[PDB]
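Notes follow the structure.
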Amino acid sequence: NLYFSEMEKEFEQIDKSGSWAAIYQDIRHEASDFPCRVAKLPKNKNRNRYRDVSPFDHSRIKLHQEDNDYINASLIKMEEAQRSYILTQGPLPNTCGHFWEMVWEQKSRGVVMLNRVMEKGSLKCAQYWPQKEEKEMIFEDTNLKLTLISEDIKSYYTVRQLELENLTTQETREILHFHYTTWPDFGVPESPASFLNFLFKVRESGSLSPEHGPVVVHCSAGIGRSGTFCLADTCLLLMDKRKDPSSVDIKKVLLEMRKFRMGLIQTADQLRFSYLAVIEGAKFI
Ligand SMILES: [Cl-]
Ligand SMILES: [Cl-]
Ligand SMILES: [Mg+2]
Ligand SMILES: [Mg+2]
């Protein structure tokens, strides 16, 4: 034991001992297991990108769809932090209408995308938003229209403004799309600093406010990178809210989060990064 924050000491002690992979295995072994029956139904086979990544039945988002209410998406509700997120897979070509249906129904203001459509030659996500202002998208199945209004491209991420219209009612909403383009699969962001700039931009937008529905967060499978993002955010929230900042047990927060969706944080290095981002981020809270 060393005495000279509680979070920082844990980190150094873990980093010296090199037990990230071990602690990460603890989390894996200790993680909740709940059924995903609806997800495994034969008729939902083509709504899942990966057959080993499913939403738990209890926390899955249901489409207000007359036909089939299933989407591979989970509500993560963090009670003390008072923040909610929808974590979802990268939409598939046949589930883009569902994806935007969910955004609409859940009254989300932001979408946070943590992957690229193509990574190392592999398709990770459908092109679910318009890349060009002049070519808008219509989703006929769910009766939605989607138009790129503007985009602000930076080195490590892009922010877009989209206009989502419910064609039935002709209501329109502005959705903000926060796209971190330099976070490789099973990897970590280019640096904690760039990650936190991104996070603070999402926050400053008001997208994570209780005034709106839960932000929709996705990567490819909606667990590794998305898990890292949310865990960092929630931990920083708890530090601000609590009289004791150093009381925030990152491992325990992650396990709580894992009660709502499987596999959040997919490598030991992502775990390490999340600790790192929270410590560095704590300065700015
Ligand atoms: Cl919480
Ligand atoms: Cl695809
Ligand atoms: Mg419930
Ligand atoms: Mg143009």
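Give me the orientation-averaged projected area of the Cα convex hull of the chain, in nm², one decimal.
15.4
What is the distance in Å between the Cα centres of region 165-203 and region 1-57?
23
Could you list 100, 20, 129 in order of exposure, starting from the residue whose Cβ has the fewest other Cβ atoms within 10 Å?
Fewest to most other Cβ atoms nearby, the residues stand as 20, 129, 100.
Take every Cα pair under 8 Å in region 192-260 that's 6+ residues apart, average their separations, divide by the length, and report that relative contact order as a whole percent.
Across region 192-260, relative contact order equals 19 percent.
Can you work out the base-10 log of I(q)/I(0) for region 20-73 at q = 0.27 1/Å, using the Debye formula on its C-alpha atoms alone?
-1.05
Run through region 133-191 and list the GluC sites (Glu not before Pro) located in a DSSP loop whose Cβ has at most 11 other Cβ atoms within 10 Å.
Sparse-neighbourhood loop GluC sites (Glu not before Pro): 133, 134, 140.
With 10 angstrom as the radius, rank 261, 173 by how many other C-beta atoms surround their C-beta, starting from the fewest.
Fewest-to-most ranking of 261, 173: 173, 261.
Is any residue of region 216-237 close enough, with backbone N under 20 Å, to a label point placed 7 angstrom from the Cα of residue 283 along the Cα-Cβ axis, and if so, which?
Taking a point 7 Å out along Cα→Cβ of residue 283, the residues of region 216-237 whose backbone N falls under 20 Å are 232-237.
Students often forget the sequence filter, so: which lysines lie under 26 Å Cα-Cα from residue 40 once same-chain residues fewer than 8 apart are removed?
Hits, sequence-local ones excluded: 62, 77, 124, 259.
Could you give me the percent of Cα pairs per 5 Å distance bin for region 211-285, shortest bin first, beginning at zero and ending with the bin that holds the maximum distance?
3, 16, 28, 24, 18, 10, 2, 0
For residue 267, what is the net charge nearby, where nearby means another residue's Cβ is under 13 Å from its Cβ and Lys, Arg count +1, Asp, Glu -1?
After counting each charged neighbour, the total is +1.
How large is ³J(HN,Hα), in whole Hz, for each residue of region 114-125 in order, when computed from phi with the Karplus curve 6.51 cos²θ - 1.76 cosθ + 1.60 and θ = phi - 60°, using x for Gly and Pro?
Along region 114-125, the couplings run 10, 10, 9, 3, 10, 9, 6, x, 9, 6, 10, 5 Hz.
Using the Cα centre as the reference, give the magnitude of the dipole from point charges on the C-beta atoms of the chain (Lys, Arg: +1; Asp, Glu: -1; all else neutral), rounded to the nearest 20 debye.
I would put it at about 580 debye.
Please report the Cα spread of region 90-247 along all three principal axes, rounded to whole Å, starting with the longest.
Projected onto the principal axes, the Cα atoms of region 90-247 cover 50, 39, 25 Å.
Roughly what % antiparallel, to the nearest 5, for the DSSP beta bridges in the chain?
Bridges in the chain are about 75 percent antiparallel.
Could you work out the local net charge near residue 174, counting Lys and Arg as +1, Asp and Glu as -1, over the other residues with Cβ closer than 11 Å to its Cβ?
Neighbour charge sum, excluding residue 174 itself: +1.
Please report how far the C-alpha centroid of region 68-146 lies from that of region 236-255, rounded to the nearest whole angstrom.
29
Where in region 200-282 are there GluC sites (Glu not before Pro) that are in a DSSP coil and have at most 13 other Cβ atoms within 10 angstrom of their Cβ?
211
A short reminder: the numbers here are calculations on the coordinates, not readings from a lab. Methodologically, a virtual Cβ is constructed for each residue, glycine included, from the backbone with ideal geometry; neighbour enumeration extends over all protein chains shown.
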